[PDB]
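Letters go in sequence order (proteins before strands), and every chain restarts at 1.
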4 protein chains.
Amino acid sequence: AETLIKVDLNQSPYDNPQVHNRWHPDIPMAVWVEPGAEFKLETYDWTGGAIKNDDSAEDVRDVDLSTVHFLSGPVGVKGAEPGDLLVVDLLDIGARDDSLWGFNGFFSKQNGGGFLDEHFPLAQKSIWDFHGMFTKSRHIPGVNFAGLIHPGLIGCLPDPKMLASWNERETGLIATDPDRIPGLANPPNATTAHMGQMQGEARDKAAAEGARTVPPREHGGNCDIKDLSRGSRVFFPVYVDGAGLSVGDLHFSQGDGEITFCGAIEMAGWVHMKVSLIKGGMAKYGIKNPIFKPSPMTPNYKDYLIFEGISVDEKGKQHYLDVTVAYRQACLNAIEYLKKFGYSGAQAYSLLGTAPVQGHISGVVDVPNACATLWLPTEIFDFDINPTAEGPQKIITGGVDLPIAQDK
Amino acid sequence: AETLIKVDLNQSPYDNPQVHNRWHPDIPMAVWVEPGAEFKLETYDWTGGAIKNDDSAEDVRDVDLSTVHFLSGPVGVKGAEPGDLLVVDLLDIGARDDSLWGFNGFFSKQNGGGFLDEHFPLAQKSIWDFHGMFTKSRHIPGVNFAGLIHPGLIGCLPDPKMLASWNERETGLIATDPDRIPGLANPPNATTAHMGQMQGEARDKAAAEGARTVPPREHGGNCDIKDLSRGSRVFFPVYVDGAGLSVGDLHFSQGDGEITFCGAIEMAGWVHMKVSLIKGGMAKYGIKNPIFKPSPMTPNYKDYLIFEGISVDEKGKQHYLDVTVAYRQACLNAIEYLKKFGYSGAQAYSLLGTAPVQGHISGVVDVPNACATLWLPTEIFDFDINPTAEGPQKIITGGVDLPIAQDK
Amino acid sequence: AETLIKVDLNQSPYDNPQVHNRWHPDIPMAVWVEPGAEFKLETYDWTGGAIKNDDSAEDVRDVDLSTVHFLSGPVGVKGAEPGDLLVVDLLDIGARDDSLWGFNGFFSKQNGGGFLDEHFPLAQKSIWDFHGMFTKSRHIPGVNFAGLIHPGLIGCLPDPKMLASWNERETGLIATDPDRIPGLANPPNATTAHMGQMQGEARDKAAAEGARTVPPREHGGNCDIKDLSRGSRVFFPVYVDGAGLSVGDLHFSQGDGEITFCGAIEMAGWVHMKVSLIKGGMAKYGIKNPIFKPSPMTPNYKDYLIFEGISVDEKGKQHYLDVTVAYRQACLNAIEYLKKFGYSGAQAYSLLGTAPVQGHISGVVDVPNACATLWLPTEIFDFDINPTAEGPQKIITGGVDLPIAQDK
Amino acid sequence: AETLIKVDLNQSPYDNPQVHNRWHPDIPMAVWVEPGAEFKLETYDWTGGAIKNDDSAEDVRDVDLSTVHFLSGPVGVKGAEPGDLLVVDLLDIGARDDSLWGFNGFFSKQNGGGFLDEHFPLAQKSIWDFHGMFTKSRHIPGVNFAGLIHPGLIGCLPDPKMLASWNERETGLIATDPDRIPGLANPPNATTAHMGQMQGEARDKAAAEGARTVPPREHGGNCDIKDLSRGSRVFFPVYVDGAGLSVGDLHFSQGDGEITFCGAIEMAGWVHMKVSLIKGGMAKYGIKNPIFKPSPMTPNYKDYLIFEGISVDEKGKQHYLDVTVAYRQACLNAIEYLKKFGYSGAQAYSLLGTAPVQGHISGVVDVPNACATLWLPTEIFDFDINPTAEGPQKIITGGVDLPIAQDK
Ligand SMILES: [Zn+2]
Ligand SMILES: [Zn+2]
Ligand SMILES: [Zn+2]
Ligand SMILES: [Zn+2]
Ligand SMILES: [Zn+2]
Ligand SMILES: [Zn+2]
Ligand SMILES: [Zn+2]
Ligand SMILES: [Zn+2]
């Protein structure tokens with residue numbers, strides 16, 4: 001299939017007019033296609049080159065998070081009207097031949113944070129090499145797995161209404177605690193905005209009101225749903241004429257929650273897709289957020305070891321039906337378990353961000369506690385991590401660990 | 001294997017000395033077994049007979065929720081010491097031959113509430129019949145599925161310290177909003193307490209400080225994890241000598257979250273299990289909450305239709321990394337979708353509480369929005385519910401709906 | 001549901017009028033049901049009590065194979081006419097509460113033979129205990145698995161024409177080598193025939209022309225398809241009015257090919273089923289043999305170690321597209337591999353007949369060799385049997401083995 | 001990873017010195033690698049360009065089957081000695097970017113034949129297009145599936161002894177019926193032999209004794225095991241120093257048996273692989289034929305409709321434990337079923353050769369009949385093919401069919 005958007009990794013994303021990093025109804029289509037068209041799009045990694053394949057974490061700590069995410073699009077679809085559904089088949093996804101590695105990290109609390117930032121406040125990095133379908137890290141010994149390759153971010157352009165709501169409610173929330181490190185949301189920011197085929201005046205009004213791509217919203221966008229993977233079929237709400245489908249933020253793999261924030265195994269690559277329409281889909285099927293069907297080709301792991309958490313935090317304080325706090329406990333429990341086998345806490349945390357662990361909302365009614373589970377697939381280890389009568393052999397030798405960078 | 005605790009459904013649970021409905025370190029063992037023992041335990045449904053197989057919801061409206069849950073146990077295991085892990089193999093689980101039906105319901109907001117109680121505030125009920133491995137409801141046409149049969153509630157007796165913490169933090173939370181309908185937690189309550197073989201003054205003492213079985217806690221207890229099912233192996237923390245393992249609240253099936261609160265498909269039944277020990281297991285493996293391995297025998301549904309939600313509520317107000325609010329959105333999206341096929345909202349809500357739907361914590365870092373997904377297995381419908389170019393057809397037409405009871 | 005055919009294991013099968021052990025159009029219905037009826041049938045093990053739970057193989061050696069199989073039925077279905085399809089839902093299947101064990105064996109070559117009878121010519125036995133969904137044998141250490149519970153034999157009564165063809169072609173084949181040990185087929189035999197409710201001369205006429213139940217045929221019958229298991233839906237061709245569905249020969253588990261001949265794990269038990277009709281199904285769907293849909297509840301083993309064979313026998317002699325010889329080599333390769341871990345050959349051969357191993361007709365065109373594969377699920381062993389750089393380790397300490405009985 | 005053997009589809013395979021089409025101990029290594037090396041090999045389709053993407057079957061009719069299969073290799077592995085096992089990870093496999101289509105056909109009975117050549121004696125062809133992970137044919141409407149991408153042929157060079165045995169037993173078998181159309185085996189043939197880098201005199205001899213690659217043998221070779229797919233790990237017996245691993249005959253998909261003979265969906269492509277050794281692997285693990293582990297990434301089809309056959313042929317003749325005849329019956333039964341939905345017999349036959357259907361050796365003991373099953377995954381049709389009460393609707397219209405060529 002022909003590649004309709006090409007990416008040169010050594011060219012600055014700002015120099016590519018078919019790339020953009022904010023959501024706005026007025027970004028012009030990077031290309032137009034007919035319904036039924038099938039084609040490939042190439043993509044920068046989300047940072048657009050900021051993070052390197054080496055053994056230092058300073059890049060993770062110093063990255064300018066206002067730049068993310070560099071998306072390829074918007075793709076225009078002829079005849080697409082507001083209120084349609086845009087049916088997207090993800091026919092395949094992969095890494096570029098010249099870039100067979102990816103990265104996971106923990107941001108510093110001072111520059112982004114993450115799910116377990118109170119336990120791992122310093123920036124770190126693991127590097128992942130791709131071996132066909134499989135991946136592994138020089139930083140995490142004894143671990144090998146097939147990737148669940150997915151776009152972290154995909155979705156259609158918002159209408160004027162939608163964008164106004166997003167900015168209002170999100171700036172409103174920053175207003176309630178504007179000095180929290182890390183912040184509660186990210187406001188529009190024109191300084192580092194890439195607005196596609198835009199320069200001058202229209203570029204500068206739109207860049208000042210253009211939404212950050214950081215959070216998932218009603219249209220889809222940055223959902224980081226690992227299961228929205230190569231082979232899947234997704235149904236997107238359409239808000240503007242021609243839809244304006246963009247995609248980026250490709251992951252070779254990811255755990256549920258993407259707890260590390262900085263991936264997932266983040267990568268540059270390509271997406272091969274087919275597009276079509278359901279006329280008036282949104283009203284016909286009562287669509288608000290996207291809906292999709294998962295892939296018939298995914299890694300078949302099923303020998304899970306499953307960890308539990310409840311809505312009582314690390315300090316012993318009682319919350320109310322809080323799935324977020326319950327998941328944190330399940331993740332911490334899994335980390336504690338892994339450490340008994342010789343993994344550092346950073347190796348374990350990176351693992352939960354990268355390997356295809358499951359996070360279930362098992363119970364959300366048994367007041368006051370929600371119950372959340374974290375499913376660790378045991379197939380990914382080249383030794384048996386199941387409990388036995390005699391106790392764990394502390395297998396993991398070496399002195400290998402994830403790079404760590406002191407704060408600035 | 002022999003049944004070590006027998007249950008007569010027509011006998012009041014209070015008259016059975018091997019049953020109890022509060023957690024307390026001093027409830028004496030209902031029976032003693034050797035490590036390696038295999039045996040069966042019979043169980044009351046969680047209410048102990050309050051809910052009937054008929055077409056009215058008044059029993060659900062009027063049930064005395066202080067009575068739940070009637071558990072079978074505690075089972076003493078010889079040589080079990082605090083800090084051990086109790087290894088339980090769930091070898092099989094089923095319904096009683098004389099009781100081949102179960103119930104799902106929504107509590108009234110005035111008497112219990114639930115996940116979608118703002119949308120369905122009146123008490124309702126669906127009745128499920130068991131056909132070998134399979135189930136269906138006269139109240140929900142076109143739906144048939146294999147059950148994922150599991151105990152909703154299982155775990156070991158707390159020590160004195162643990163119980164004190166539970167009461168302290170939970171009464172503390174009630175104190176912050178004591179008149180809230182429904183309540184934030186349930187305090188100890190001696191009026192409806194069944195304390196097993198406890199007699200005299202010690203009984204009345206213990207009943208006044210005995211914790212409700214309603215929430216999951218560090219020991220396990222009422223987790224309502226559907227995947228802790230027949231065929232699973234679970235590892236419980238031991239707090240007192242002999243462990244004191246109790247089990248109840250059997251489910252023929254359940255969806256992730258148990259959003260309906262009143263099940264799941266609640267039933268009476270039996271559990272066939274084997275028990276063993278890992279000496280000093282808790283410290284060896286860094287165990288706080290239980291861990292387990294899921295069953296090799298589960299329903300193989302994989303053709304999911306997957307719905308999404310973010311941390312923005314039904315009023316449009318913006319929350320911060322709130323998985324609970326995101327899941328509500330995903331569930332409501334699923335319900336809206338099913339309605340287009342002719343299901344009532346009540347049918348849809350009941351379905352999500354009963355069928356083995358998956359609830360994933362897909363993303364919990366993309367500030368401000370968490371992303372939660374609800375996975376509806378399409379194999380359970382006897383017609384195709386997948387989106388087509390044509391839009392849906394109302395294949396659900398006709399009479400039956402769930403019983404509904406007006407508020408007292 | 002109600003049990004329409006009851007079985008007393010201590011009663012001779014000949015004394016039960018609702019049992020039979022030959023196929024004949026004139027055996028009267030054991031019971032009549034309406035289409036849509038759901039009910040249970042109890043069953044003798046195929047031999048009807050000949051094999052015992054002990055540590056000697058003499059019963060296997062001496063069994064009278066003319067007696068097999070004692071089937072429960074024929075069940076009549078009101079309105080069923082020749083050329084219909086009888087739709088049978090297998091809703092559940094299990095062992096009797098008073099008989100929680102089963103048996104596998106190798107027949108002596110002198111009395112039955114088997115797939116590897118040139119390698120294991122003496123009669124042997126392994127006994128299997130049922131632990132809820134799971135099984136294991138005191139004769140084969142280190143192995144545990146969830147059973148794939150299925151009827152080895154199920155199908156409808158032949159019409160007069162069909163029965164005549166069966167006898168003609170099968171006696172014709174015996175004629176080509178009548179003194180062969182073991183025989184090529186089994187002729188009608190009135191001596192040990194149980195003809196249900198048939199009386200007098202009519203009974204006598206039928207027992208002399210009644211087909212042995214030993215081989216699978218166009219109607220179904222003794223297929224020993226492990227995947228025709230609890231949870232399946234099967235569609236049977238109907239030849240006579242009322243259909244006359246019979247069932248027996250229940251297996252707790254079996255490997256593809258049932259290579260040991262004497263099971264499988266043979267057992268007495270029960271089948272819970274629902275029946276219905278497709279009017280004129282046979283012509284509508286071009287049905288000759290039965291067709292079916294496998295169960296949504298089966299053991300999820302996927303970590304196979306897969307062995308190969310080609311159409312060259314143990315003497316090195318070249319055959320032509322012979323899948324039978326190819327599968328023998330694949331089984332023999334699997335046995336040789338297992339022996340390196342400390343299993344006897346008999347243990348391994350019993351294992352392949354009992355555990356849910358897969359046998360695939362991988363290639364049947366690459367003249368002169370067919371390619372057959374044997375898939376051994378590695379999850380059934382409590383130690384890792386995968387190849388490593390170091391080679392195997394004799395982990396099966398020994399002492400215990402299958403009973404063996406010298407020839408008479 | 002780097003491509004160590006490159007292929008120009010427009011260059012004659014005879015002009016590529018790193019390709020060969022006969023098995024012989026003396027073909028020199030096309031390249032040498034160290035143990036632990038990972039690399040790519042590109043491949044011709046098995047015919048090397050003979051079959052074209054068009055709507056006529058004459059190329060299939062006229063192809064010179066003495067030329068097949070053009071393999072890439074032999075790959076030398078430093079330190080590999082006879083009696084070792086060569087561990088091969090298949091890390092990924094795909095189609096070439098310039099060649100995103102493949103072909104299935106039936107050979108004429110006069111030039112190759114096939115499993116159902118008595119029913120389809122004239123040469124035919126279906127063409128398949130690749131859409132990322134998925135495939136479909138302009139010749140078979142209503143069918144879409146994810147490919148189970150595998151090498152049909154892979155293995156190591158035989159030693160002198162092995163080669164002598166192969167020729168002796170195979171020429172011996174041709175001797176028993178030398179004029180048979182099609183032949184029972186294919187003898188060595190120097191006319192169309194490509195012997196890699198072998199030269200002049202030494203080569204003219206090797207080409208006269210070099211075995212055809214057509215059948216699977218002890219070393220592996222052309223097994224056409226669909227499940228030996230991308231993601232798999234295979235363990236090959238080593239016969240000569242450096243091993244000499246070759247590979248070709250790549251399939252995008254195939255059904256069990258490869259009944260159509262001419263594929264499978266045959267294609268040109270590439271294989272990304274890693275190699276390593278088990279020193280003395282063959283004796284350590286009692287290896288005769290290869291063994292392998294299937295892939296964690298395969299198409300997840302589960303909703304099978306399963307067809308049966310027994311050892312009684314199309315003429316009604318009775319065979320003895322003949323799996324080959326039983327499989328033919330099961331395949332013919334499946335074809336008859338599909339025709340009721342509007343497919344031609346040719347469409348159905350091509351489908352069974354290409355789609356990932358399963359063929360099980362379900363029973364091989366119930367004298368006189370073997371029982372074989374054919375498993376059609378129903379997910380591959382864009383309409384429901386399951387039996388219902390009112391019968392099949394003839395969905396397949398149009399007038400498209402496979403090209404057919406009259407005999408030469
Ligand atoms: Zn993302
Ligand atoms: Zn990302
Ligand atoms: Zn519960
Ligand atoms: Zn419950
Ligand atoms: Zn049988
Ligand atoms: Zn049997
Ligand atoms: Zn081949
Ligand atoms: Zn091929």
Shortest non-hydrogen contact from C/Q254 to D/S362?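 Heavy-atom minimum between the residues: NE2-O, 3.9 Å.
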To check you understand the geometry: which heavy-atom pair defines the closest contact between C/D8 and C/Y44, and what is its length?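 Closest heavy-atom pair between C/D8 and C/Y44: O-OH, 3.3 Å.
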Under 3.5 Å donor-acceptor, [X] side chain and [Y] backbone:
X: C/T354; Y: C/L351; value: yes
X: C/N21; Y: C/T67; value: yes
X: C/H20; Y: C/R22; value: yes

Residue pair [X] / [Y], side-chain heavy-atom distance below 4.5 Å:
X: C/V323; Y: D/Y327; answer: no
X: C/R61; Y: C/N111; answer: no
X: C/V77; Y: C/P35; answer: yes

Scan residues 190-217 of chain C for pairs that pass ring-ring contact (aromatic ring centres under 6.0 Å, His included), counting only residues two or more places apart or in two chains.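 Qualifying pairs: C/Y14-C/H194.
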For residues 161-193 of chain C, which residue pairs pass the ring-ring contact (aromatic ring centres under 6.0 Å, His included) check, not counting sequence neighbours?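 Every ring-ring contact (aromatic ring centres under 6.0 Å, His included) pair that includes a residue of residues 161-193 of chain C, provided the two are not neighbours, is C/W166-C/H219.
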[X] with [Y]: basic N within carboxylate O range, under 4.0 Å:
X: C/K52; Y: C/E58; result: no
X: C/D98; Y: C/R96; result: yes
X: C/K226; Y: C/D256; result: yes
X: C/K40; Y: C/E2; result: no

In terms of the angle between their ring planes, are C/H251 and C/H150 parallel, tilted or perpendicular, with boundaries placed at 30° and 60°?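 Perpendicular: the ring planes of C/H251 and C/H150 meet at over 60°.
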At what distance, to the nearest 0.5 angstrom, does CD1 of C/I259 lie from CD1 of C/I335?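 Rounded to the nearest 0.5 Å, the CD1-CD1 separation comes out at 5.5 Å.
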What distance separates C/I93 CD1 from C/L250 CG, expressed to the nearest 0.5 Å?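 Rounded to the nearest 0.5 Å, the CD1-CG separation comes to 6.5 Å.
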Within 45° cone and under 6.0 Å: C/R328 NZ/CZ vs C/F115 ring: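 Yes.
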Do the two ring centres, one from C/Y349 and one from C/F106, sit under 6.0 Å apart?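 Ring-ring flag for C/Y349/C/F106: true, centres closer than 6.0 Å.
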For C/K125, the option from C/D55, C/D62, C/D401, C/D54 that meets salt bridge (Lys or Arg N to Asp or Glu O under 4.0 Å):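 With C/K125 as partner, salt bridge (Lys or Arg N to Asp or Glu O under 4.0 Å) holds for just one option, C/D54.
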Determine the sole option in C/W128, C/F130, C/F252 for which the ring-ring contact (aromatic ring centres under 6.0 Å, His included) test with C/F145 is passed.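 Considering C/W128, C/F130, C/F252, a ring-ring contact (aromatic ring centres under 6.0 Å, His included) with C/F145 is found only for C/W128.
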For C/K288 and C/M282: C-alpha separation, side-chain torsions, deciding distance, then whether side chain to side chain contact (heavy atoms under 4.5 Å, CB included) applies. CA-CA 7 Å; C/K288 184 171 161 193; C/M282 296 185 49; over 6 Å; no
